[PDB]
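J.: File follows, query_15.pdb with PDB, N, CA, C and O atoms:
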```
ATOM      1  N   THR A   1      21.042 162.139 244.440  1.00  0.00           N
ATOM      2  CA  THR A   1      21.923 162.648 245.535  1.00  0.00           C
ATOM      3  C   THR A   1      23.310 163.135 245.056  1.00  0.00           C
ATOM      4  O   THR A   1      23.982 162.404 244.334  1.00  0.00           O
ATOM      5  N   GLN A   2      23.734 164.348 245.418  1.00  0.00           N
ATOM      6  CA  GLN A   2      25.043 164.935 245.096  1.00  0.00           C
ATOM      7  C   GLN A   2      26.177 164.317 245.958  1.00  0.00           C
ATOM      8  O   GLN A   2      26.840 164.995 246.739  1.00  0.00           O
ATOM      9  N   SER A   3      26.378 163.004 245.826  1.00  0.00           N
ATOM     10  CA  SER A   3      27.266 162.192 246.674  1.00  0.00           C
ATOM     11  C   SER A   3      28.751 162.627 246.667  1.00  0.00           C
ATOM     12  O   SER A   3      29.314 162.875 247.724  1.00  0.00           O
ATOM     13  N   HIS A   4      29.382 162.700 245.487  1.00  0.00           N
ATOM     14  CA  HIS A   4      30.809 163.038 245.310  1.00  0.00           C
ATOM     15  C   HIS A   4      31.053 164.364 244.553  1.00  0.00           C
ATOM     16  O   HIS A   4      30.333 164.682 243.610  1.00  0.00           O
ATOM     17  N   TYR A   5      32.049 165.143 244.983  1.00  0.00           N
ATOM     18  CA  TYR A   5      32.327 166.512 244.517  1.00  0.00           C
ATOM     19  C   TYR A   5      31.177 167.511 244.830  1.00  0.00           C
ATOM     20  O   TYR A   5      30.801 168.359 244.023  1.00  0.00           O
ATOM     21  N   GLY A   6      30.618 167.397 246.044  1.00  0.00           N
ATOM     22  CA  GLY A   6      29.472 168.169 246.547  1.00  0.00           C
ATOM     23  C   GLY A   6      29.843 169.317 247.504  1.00  0.00           C
ATOM     24  O   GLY A   6      30.227 169.082 248.644  1.00  0.00           O
ATOM     25  N   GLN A   7      29.696 170.571 247.074  1.00  0.00           N
ATOM     26  CA  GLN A   7      29.940 171.784 247.878  1.00  0.00           C
ATOM     27  C   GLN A   7      29.190 171.803 249.243  1.00  0.00           C
ATOM     28  O   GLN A   7      27.965 171.687 249.262  1.00  0.00           O
ATOM     29  N   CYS A   8      29.889 171.971 250.379  1.00  0.00           N
ATOM     30  CA  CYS A   8      29.297 172.148 251.726  1.00  0.00           C
ATOM     31  C   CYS A   8      29.629 173.498 252.423  1.00  0.00           C
ATOM     32  O   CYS A   8      29.183 173.721 253.545  1.00  0.00           O
ATOM     33  N   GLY A   9      30.407 174.400 251.805  1.00  0.00           N
ATOM     34  CA  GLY A   9      30.829 175.656 252.456  1.00  0.00           C
ATOM     35  C   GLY A   9      31.883 176.501 251.703  1.00  0.00           C
ATOM     36  O   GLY A   9      33.035 176.080 251.591  1.00  0.00           O
ATOM     37  N   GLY A  10      31.502 177.708 251.254  1.00  0.00           N
ATOM     38  CA  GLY A  10      32.389 178.768 250.722  1.00  0.00           C
ATOM     39  C   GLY A  10      31.698 179.789 249.778  1.00  0.00           C
ATOM     40  O   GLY A  10      30.474 179.941 249.808  1.00  0.00           O
ATOM     41  N   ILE A  11      32.470 180.514 248.952  1.00  0.00           N
ATOM     42  CA  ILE A  11      31.965 181.586 248.059  1.00  0.00           C
ATOM     43  C   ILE A  11      30.680 181.210 247.270  1.00  0.00           C
ATOM     44  O   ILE A  11      30.648 180.222 246.537  1.00  0.00           O
ATOM     45  N   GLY A  12      29.620 182.019 247.413  1.00  0.00           N
ATOM     46  CA  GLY A  12      28.328 181.840 246.733  1.00  0.00           C
ATOM     47  C   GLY A  12      27.332 180.864 247.396  1.00  0.00           C
ATOM     48  O   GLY A  12      26.164 180.841 247.011  1.00  0.00           O
ATOM     49  N   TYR A  13      27.767 180.047 248.366  1.00  0.00           N
ATOM     50  CA  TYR A  13      26.954 178.978 248.963  1.00  0.00           C
ATOM     51  C   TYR A  13      26.115 179.407 250.193  1.00  0.00           C
ATOM     52  O   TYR A  13      26.313 180.468 250.785  1.00  0.00           O
ATOM     53  N   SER A  14      25.175 178.541 250.597  1.00  0.00           N
ATOM     54  CA  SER A  14      24.453 178.594 251.880  1.00  0.00           C
ATOM     55  C   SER A  14      24.458 177.208 252.574  1.00  0.00           C
ATOM     56  O   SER A  14      25.413 176.875 253.269  1.00  0.00           O
ATOM     57  N   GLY A  15      23.434 176.377 252.347  1.00  0.00           N
ATOM     58  CA  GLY A  15      23.400 174.980 252.808  1.00  0.00           C
ATOM     59  C   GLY A  15      22.455 173.990 252.083  1.00  0.00           C
ATOM     60  O   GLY A  15      21.898 173.113 252.743  1.00  0.00           O
ATOM     61  N   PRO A  16      22.282 174.038 250.744  1.00  0.00           N
ATOM     62  CA  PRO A  16      21.512 173.034 249.990  1.00  0.00           C
ATOM     63  C   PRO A  16      22.298 171.709 249.807  1.00  0.00           C
ATOM     64  O   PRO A  16      22.404 171.172 248.704  1.00  0.00           O
ATOM     65  N   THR A  17      22.846 171.143 250.885  1.00  0.00           N
ATOM     66  CA  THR A  17      23.760 169.983 250.848  1.00  0.00           C
ATOM     67  C   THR A  17      23.031 168.645 250.631  1.00  0.00           C
ATOM     68  O   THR A  17      23.046 167.770 251.498  1.00  0.00           O
ATOM     69  N   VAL A  18      22.426 168.437 249.457  1.00  0.00           N
ATOM     70  CA  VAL A  18      21.707 167.195 249.092  1.00  0.00           C
ATOM     71  C   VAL A  18      22.685 166.036 248.733  1.00  0.00           C
ATOM     72  O   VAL A  18      22.590 165.400 247.679  1.00  0.00           O
ATOM     73  N   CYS A  19      23.641 165.773 249.627  1.00  0.00           N
ATOM     74  CA  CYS A  19      24.753 164.813 249.559  1.00  0.00           C
ATOM     75  C   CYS A  19      24.429 163.494 250.320  1.00  0.00           C
ATOM     76  O   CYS A  19      23.407 163.389 250.997  1.00  0.00           O
ATOM     77  N   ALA A  20      25.254 162.453 250.163  1.00  0.00           N
ATOM     78  CA  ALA A  20      25.213 161.220 250.971  1.00  0.00           C
ATOM     79  C   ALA A  20      26.398 161.129 251.963  1.00  0.00           C
ATOM     80  O   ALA A  20      27.430 161.755 251.753  1.00  0.00           O
ATOM     81  N   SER A  21      26.262 160.313 253.016  1.00  0.00           N
ATOM     82  CA  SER A  21      27.421 159.831 253.789  1.00  0.00           C
ATOM     83  C   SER A  21      28.249 158.765 253.018  1.00  0.00           C
ATOM     84  O   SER A  21      27.961 158.451 251.860  1.00  0.00           O
ATOM     85  N   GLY A  22      29.292 158.209 253.638  1.00  0.00           N
ATOM     86  CA  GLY A  22      30.345 157.432 252.963  1.00  0.00           C
ATOM     87  C   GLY A  22      31.446 158.344 252.387  1.00  0.00           C
ATOM     88  O   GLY A  22      32.613 158.243 252.759  1.00  0.00           O
ATOM     89  N   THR A  23      31.041 159.283 251.527  1.00  0.00           N
ATOM     90  CA  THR A  23      31.750 160.560 251.293  1.00  0.00           C
ATOM     91  C   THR A  23      31.492 161.563 252.443  1.00  0.00           C
ATOM     92  O   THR A  23      30.792 161.256 253.414  1.00  0.00           O
ATOM     93  N   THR A  24      32.113 162.748 252.380  1.00  0.00           N
ATOM     94  CA  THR A  24      32.335 163.623 253.557  1.00  0.00           C
ATOM     95  C   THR A  24      31.885 165.098 253.379  1.00  0.00           C
ATOM     96  O   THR A  24      30.740 165.331 253.016  1.00  0.00           O
ATOM     97  N   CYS A  25      32.746 166.095 253.669  1.00  0.00           N
ATOM     98  CA  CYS A  25      32.511 167.563 253.641  1.00  0.00           C
ATOM     99  C   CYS A  25      33.786 168.363 254.055  1.00  0.00           C
ATOM    100  O   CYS A  25      33.788 169.076 255.055  1.00  0.00           O
ATOM    101  N   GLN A  26      34.886 168.256 253.296  1.00  0.00           N
ATOM    102  CA  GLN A  26      36.253 168.677 253.687  1.00  0.00           C
ATOM    103  C   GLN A  26      36.990 169.598 252.667  1.00  0.00           C
ATOM    104  O   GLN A  26      36.641 169.645 251.488  1.00  0.00           O
ATOM    105  N   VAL A  27      37.990 170.364 253.124  1.00  0.00           N
ATOM    106  CA  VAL A  27      38.637 171.484 252.405  1.00  0.00           C
ATOM    107  C   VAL A  27      39.298 171.176 251.029  1.00  0.00           C
ATOM    108  O   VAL A  27      40.132 170.279 250.911  1.00  0.00           O
ATOM    109  N   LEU A  28      39.015 172.016 250.016  1.00  0.00           N
ATOM    110  CA  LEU A  28      39.913 172.292 248.875  1.00  0.00           C
ATOM    111  C   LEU A  28      39.954 173.799 248.492  1.00  0.00           C
ATOM    112  O   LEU A  28      40.455 174.618 249.258  1.00  0.00           O
ATOM    113  N   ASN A  29      39.454 174.212 247.317  1.00  0.00           N
ATOM    114  CA  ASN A  29      39.429 175.623 246.880  1.00  0.00           C
ATOM    115  C   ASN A  29      38.536 176.557 247.757  1.00  0.00           C
ATOM    116  O   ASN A  29      37.572 176.066 248.349  1.00  0.00           O
ATOM    117  N   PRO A  30      38.765 177.893 247.772  1.00  0.00           N
ATOM    118  CA  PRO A  30      37.965 178.874 248.539  1.00  0.00           C
ATOM    119  C   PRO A  30      36.416 178.790 248.438  1.00  0.00           C
ATOM    120  O   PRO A  30      35.698 179.355 249.262  1.00  0.00           O
ATOM    121  N   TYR A  31      35.877 178.101 247.426  1.00  0.00           N
ATOM    122  CA  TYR A  31      34.448 177.795 247.271  1.00  0.00           C
ATOM    123  C   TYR A  31      33.897 176.699 248.213  1.00  0.00           C
ATOM    124  O   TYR A  31      32.684 176.628 248.413  1.00  0.00           O
ATOM    125  N   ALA A  32      34.743 175.779 248.690  1.00  0.00           N
ATOM    126  CA  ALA A  32      34.300 174.450 249.115  1.00  0.00           C
ATOM    127  C   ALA A  32      35.188 173.755 250.175  1.00  0.00           C
ATOM    128  O   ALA A  32      36.203 173.136 249.850  1.00  0.00           O
ATOM    129  N   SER A  33      34.714 173.711 251.426  1.00  0.00           N
ATOM    130  CA  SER A  33      34.693 172.435 252.163  1.00  0.00           C
ATOM    131  C   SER A  33      33.595 171.514 251.567  1.00  0.00           C
ATOM    132  O   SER A  33      32.436 171.931 251.499  1.00  0.00           O
ATOM    133  N   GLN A  34      33.951 170.348 251.007  1.00  0.00           N
ATOM    134  CA  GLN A  34      33.128 169.570 250.053  1.00  0.00           C
ATOM    135  C   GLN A  34      33.124 168.032 250.254  1.00  0.00           C
ATOM    136  O   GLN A  34      34.104 167.448 250.718  1.00  0.00           O
ATOM    137  N   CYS A  35      32.025 167.367 249.868  1.00  0.00           N
ATOM    138  CA  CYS A  35      31.876 165.910 249.763  1.00  0.00           C
ATOM    139  C   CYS A  35      32.907 165.263 248.804  1.00  0.00           C
ATOM    140  O   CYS A  35      32.580 164.906 247.671  1.00  0.00           O
ATOM    141  N   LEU A  36      34.144 165.133 249.273  1.00  0.00           N
ATOM    142  CA  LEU A  36      35.111 164.122 248.836  1.00  0.00           C
ATOM    143  C   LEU A  36      34.815 162.744 249.487  1.00  0.00           C
ATOM    144  O   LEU A  36      34.213 162.726 250.591  1.00  0.00           O
TER     145      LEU A  36
END
```
Since I need it in another form, could you write the structure as structure tokens?
T.:
Amino acid sequence: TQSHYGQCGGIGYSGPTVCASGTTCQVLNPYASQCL
């Protein structure tokens, strides 16, 4: 599982979000709202 530092939205992406909960899906660089 791509638990931490996992891309959820931005440049080049779609939705292969094979992440866990506990971590999230929130903003940093233009590539990623991401599993922090």
J.: Please evaluate the PyMOL selection byres ((chain A and resi 13-26) around 4.5) against the structure above and give the resulting residues as a list in words.
T.: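 When the PyMOL selection byres ((chain A and resi 13-26) around 4.5) is applied, the selected residues are residues 1, 2, 3, 10, 11, 12, 27, 28, 32, 33, 34, 35 and 36 of chain A.
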J.: Which distance in Å separates atom N of residue 6 (chain A) and atom N of residue 29 (chain A), to one decimal?
T.: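 Distance between the two atoms: 11.2 Å.
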J.: Please indicate the distance in Å from atom N of residue 8 (chain A) to atom N of residue 31 (chain A), rounded to one decimal place.
T.: 9.1 Å
J.: In chain A, what's strand (DSSP E or B) per DSSP? Answer as number ranges by chain?
T.: A: 6-7, 26-27, 33-35
J.: From the block I gave, I'd like chain A written with N, CA and C atoms, as a short mmCIF file (atom, residue, chain, number, x, y, z; two decimals), in the first residue's frame.
T.:
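So part39.cif came out as:
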```cif
data_model
loop_
_atom_site.label_atom_id
_atom_site.label_comp_id
_atom_site.auth_asym_id
_atom_site.auth_seq_id
_atom_site.Cartn_x
_atom_site.Cartn_y
_atom_site.Cartn_z
N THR A 1 0.81 -1.25 0.00
CA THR A 1 0.00 0.00 0.00
C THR A 1 0.84 1.30 0.00
N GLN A 2 0.58 2.24 -0.91
CA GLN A 2 1.25 3.55 -1.01
C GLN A 2 0.76 4.53 0.09
N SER A 3 0.97 4.16 1.35
CA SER A 3 0.43 4.84 2.54
C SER A 3 0.85 6.32 2.68
N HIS A 4 2.16 6.61 2.69
CA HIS A 4 2.72 7.96 2.88
C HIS A 4 3.48 8.51 1.65
N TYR A 5 3.33 9.80 1.36
CA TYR A 5 3.83 10.47 0.14
C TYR A 5 3.18 9.92 -1.16
N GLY A 6 1.86 9.68 -1.10
CA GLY A 6 1.03 9.10 -2.17
C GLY A 6 0.19 10.11 -2.96
N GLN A 7 0.53 10.36 -4.23
CA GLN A 7 -0.20 11.26 -5.15
C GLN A 7 -1.72 10.94 -5.26
N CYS A 8 -2.61 11.91 -5.01
CA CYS A 8 -4.08 11.80 -5.21
C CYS A 8 -4.68 12.79 -6.24
N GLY A 9 -3.89 13.68 -6.87
CA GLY A 9 -4.43 14.71 -7.78
C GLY A 9 -3.43 15.78 -8.27
N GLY A 10 -3.13 15.80 -9.58
CA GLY A 10 -2.40 16.87 -10.30
C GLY A 10 -1.71 16.42 -11.62
N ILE A 11 -0.72 17.17 -12.11
CA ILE A 11 -0.03 16.92 -13.40
C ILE A 11 0.37 15.44 -13.63
N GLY A 12 -0.09 14.85 -14.75
CA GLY A 12 0.20 13.47 -15.15
C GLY A 12 -0.69 12.37 -14.53
N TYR A 13 -1.48 12.68 -13.49
CA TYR A 13 -2.25 11.69 -12.73
C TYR A 13 -3.68 11.43 -13.27
N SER A 14 -4.31 10.36 -12.76
CA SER A 14 -5.75 10.06 -12.91
C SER A 14 -6.38 9.70 -11.54
N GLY A 15 -6.43 8.41 -11.18
CA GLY A 15 -6.85 7.95 -9.85
C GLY A 15 -6.40 6.55 -9.38
N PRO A 16 -5.17 6.07 -9.66
CA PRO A 16 -4.64 4.81 -9.12
C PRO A 16 -4.21 4.94 -7.64
N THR A 17 -5.07 5.48 -6.77
CA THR A 17 -4.75 5.83 -5.37
C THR A 17 -4.72 4.60 -4.44
N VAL A 18 -3.76 3.69 -4.63
CA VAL A 18 -3.58 2.48 -3.80
C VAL A 18 -2.93 2.80 -2.42
N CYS A 19 -3.51 3.77 -1.71
CA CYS A 19 -3.11 4.36 -0.42
C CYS A 19 -3.90 3.75 0.77
N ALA A 20 -3.49 4.04 2.02
CA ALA A 20 -4.25 3.72 3.24
C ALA A 20 -4.86 4.99 3.89
N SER A 21 -5.89 4.81 4.73
CA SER A 21 -6.29 5.85 5.70
C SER A 21 -5.29 5.97 6.89
N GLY A 22 -5.58 6.83 7.87
CA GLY A 22 -4.62 7.29 8.88
C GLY A 22 -3.77 8.48 8.37
N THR A 23 -3.09 8.27 7.24
CA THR A 23 -2.69 9.34 6.30
C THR A 23 -3.89 9.79 5.43
N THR A 24 -3.68 10.79 4.56
CA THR A 24 -4.77 11.62 3.99
C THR A 24 -4.76 11.75 2.45
N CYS A 25 -4.82 12.98 1.88
CA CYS A 25 -4.89 13.34 0.44
C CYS A 25 -4.95 14.88 0.23
N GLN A 26 -3.91 15.62 0.63
CA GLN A 26 -3.91 17.10 0.80
C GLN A 26 -2.74 17.85 0.09
N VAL A 27 -2.91 19.15 -0.19
CA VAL A 27 -2.07 19.98 -1.07
C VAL A 27 -0.56 20.10 -0.73
N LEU A 28 0.32 19.92 -1.74
CA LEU A 28 1.66 20.54 -1.81
C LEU A 28 2.00 21.07 -3.23
N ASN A 29 2.98 20.49 -3.95
CA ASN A 29 3.35 20.91 -5.32
C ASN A 29 2.24 20.70 -6.39
N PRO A 30 2.26 21.43 -7.53
CA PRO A 30 1.27 21.30 -8.63
C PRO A 30 0.93 19.87 -9.14
N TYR A 31 1.77 18.87 -8.83
CA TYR A 31 1.52 17.44 -9.10
C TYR A 31 0.48 16.76 -8.17
N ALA A 32 0.29 17.27 -6.95
CA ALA A 32 -0.21 16.47 -5.83
C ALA A 32 -0.96 17.25 -4.73
N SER A 33 -2.29 17.13 -4.70
CA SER A 33 -2.98 16.80 -3.43
C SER A 33 -2.69 15.32 -3.07
N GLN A 34 -2.03 15.03 -1.94
CA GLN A 34 -1.33 13.76 -1.65
C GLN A 34 -1.48 13.21 -0.21
N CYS A 35 -1.41 11.88 -0.05
CA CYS A 35 -1.32 11.15 1.22
C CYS A 35 -0.09 11.57 2.07
N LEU A 36 -0.19 12.73 2.71
CA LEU A 36 0.53 13.09 3.94
C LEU A 36 -0.14 12.45 5.18
#
```
